[PDB]
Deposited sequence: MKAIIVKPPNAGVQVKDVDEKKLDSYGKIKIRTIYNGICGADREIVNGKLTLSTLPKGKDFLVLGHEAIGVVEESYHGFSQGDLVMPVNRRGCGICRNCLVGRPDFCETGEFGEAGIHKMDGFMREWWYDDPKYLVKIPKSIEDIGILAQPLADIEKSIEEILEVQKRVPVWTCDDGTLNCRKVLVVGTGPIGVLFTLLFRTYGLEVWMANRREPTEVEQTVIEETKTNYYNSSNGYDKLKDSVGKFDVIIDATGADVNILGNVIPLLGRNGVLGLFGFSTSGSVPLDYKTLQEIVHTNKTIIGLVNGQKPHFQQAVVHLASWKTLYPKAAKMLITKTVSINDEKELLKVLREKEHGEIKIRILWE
């Protein structure tokens, strides 16, 4: 069977025929892969930045059900949930390994579990998300969008601590979000916050790209060039109710944006920072106490979040059609090894999502 494989912690990636008998199976439903997605997580493991001699790569997949099984019909499109439980803790027991207490969960194509960059795999209906045929083209985004659905859900849950966090009209339309970083993660946070009605400012240390400019205009989102810091933003628009680090940049980015967090606000740490040490002085911390501010680490979406992502992706085909069409940057055939290895190894500037087509 053709599979894209890695050998962690070593760097490297290969597309090669492997013995199906040694690959991980998870249930009774045979699924033939049609699309994989690639993200920075894949790039990390390929570059060695993170029994069996290898691991099947990939945690973003859409496949077709080969034979009808219980609720699933032949020809149905499905997406597997990538993080799976430890089987010990109560959070995993209720289907929520995003809050696993042991840290002994598996992550497909990353840790403990063969991923989905292979011709076909067997899975359990428990871990399969139904992808409507009507979103086959952009449906691969339901996996990354799921992490973002969970994050926004959690931020909203946490803000229930505030007696009234709604606005004069009972909505959240008056709440302002600063999304720091404009890769696929930043763009998806922006799309989803705007879907919920909150005001959004995207920030990056440059002018917008073509894709970003389309998102700006279509979603009625604001943009700030942060190249020379945030003073000018603070002075013009004031402070923000929510700030999202969609970075993975130097952690000093936090020192820059923390002064822009407003009373009762939330700083959501979603990016995985890769460098730096950020100093927080007593004046900054004292002020966080006085104003009921919160900092939250945000990670991993689960099945309900995948299902919510599907609904939102569907909505965006109507609401934000130009942005929706730009979510897929390009598609590489599994049979185009030179190009395939290229895109597995490194991101292109302004890339949103690269899809792998199985054919």
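- Absent C-alpha positions map to one deposited sequence range, 51-57.
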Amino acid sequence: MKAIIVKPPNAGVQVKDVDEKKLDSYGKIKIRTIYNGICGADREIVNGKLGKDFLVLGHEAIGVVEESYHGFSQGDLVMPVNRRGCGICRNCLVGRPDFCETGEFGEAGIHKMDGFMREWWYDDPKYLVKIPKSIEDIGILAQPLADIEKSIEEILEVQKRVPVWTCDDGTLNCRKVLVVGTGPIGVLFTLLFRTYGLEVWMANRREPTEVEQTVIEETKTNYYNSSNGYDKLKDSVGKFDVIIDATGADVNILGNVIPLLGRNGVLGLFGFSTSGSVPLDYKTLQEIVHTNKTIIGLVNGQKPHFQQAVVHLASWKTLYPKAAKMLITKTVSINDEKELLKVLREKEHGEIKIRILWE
From here on, numbers count along this sequence of modelled residues.
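- Of the two stretches examined, 178-186 and 233-241, the record assigns the greater average C-alpha temperature factor to 233-241.
- Between 195-203 and 252-260, it is 252-260 that carries the larger average Cα temperature factor according to the deposited entry.
- Highest CA B-factor among the listed residues (309, 298, 41, 55): 55.
- The PDB entry gives the largest Cα B-factor of the residues 161, 150, 112, 83 to 112.
- Ranked against the other modelled residues of its chain, the C-alpha B-factor of residue 169 as given in the entry falls in the lowest third.
- Per the deposited record, the Cα B-factor of residue 120 falls in the highest third when ranked against the other modelled residues of its chain.
- Ranked within its chain, residue 146 lands in the lowest third, by CA B factor from the PDB record.
- In this PDB entry, residue 217 carries a Cα temperature factor that places it within the highest third of its chain's modelled residues.
- Among the modelled residues of its chain, residue 268 has a C-alpha B-factor that falls in the lowest third according to the deposited record.
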